[PDB]
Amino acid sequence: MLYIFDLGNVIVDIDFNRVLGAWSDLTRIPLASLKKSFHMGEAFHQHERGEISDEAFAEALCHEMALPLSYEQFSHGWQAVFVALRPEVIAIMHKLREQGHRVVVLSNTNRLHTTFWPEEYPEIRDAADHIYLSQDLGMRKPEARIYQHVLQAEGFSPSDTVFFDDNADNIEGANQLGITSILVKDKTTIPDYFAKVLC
């Protein structure tokens, strides 16, 4: 089988409130203002797809949120994002591979050239046959073209593919192509799914 895993809130817990905390720490802007002004629109989509530079992405968010930061300062806080591995999921991924299943990661990424990001973590790279990243592809979930890129490059049909993601639009985008798509509700979805099938 081909197994596709989302990264954010599937393989790792991730929390961008830490970043807002760090920008609040530096700017003294009340956290609540940053929480209110921080939202993922067009500049995110473009950055995810590599259509605008890190600097332009920084500039757009700083304009939205009235952040008087240099690019370096932006990056410095961006670096602070909370990321914890889910070791249960990592172990399952390793197990699937040694049973000759194909295991890959599919992630919309706002990594910057100056930051250390989950897709760069040795434990996540060593757990996957391949990692597919939006910025490299010029595509993002839930666009059909990104799922198709993966089926095509891995050589599997929709019906031989299982996809895990916590975002319901992402799940819909995959379903449209006949991928078996598992909504990740929380940390039990994936251990359950694989309970009997592994151990």
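The first residue of the sequence shown is number 1, and the count goes up from there.
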| item | value |
| --- | --- |
| Given 180 to 188 and 6 to 14, the range whose Cα B-factors average higher in the PDB entry | 180 to 188 |
| Stretch with the higher entry mean CA B-factor, where the candidates are 84 to 92 and 114 to 122 | 84 to 92 |
| C-alpha B-factor winner, where the candidates are 60, 133, 69, 162 | 162 |
| Lowest, middle or highest third - CA B-factor, residue 39 | highest |
| Entry-reported Cα temperature factor of residue 54, expressed as the chain third it lands in | lowest |
| Within-chain third of residue 172 by Cα B-factor, per the entry | highest |
| Assigned third (lowest, middle, highest) for the C-alpha B factor of residue 148 | middle |
| Assigned third (lowest, middle, highest) for the C-alpha B factor of residue 157 | highest |
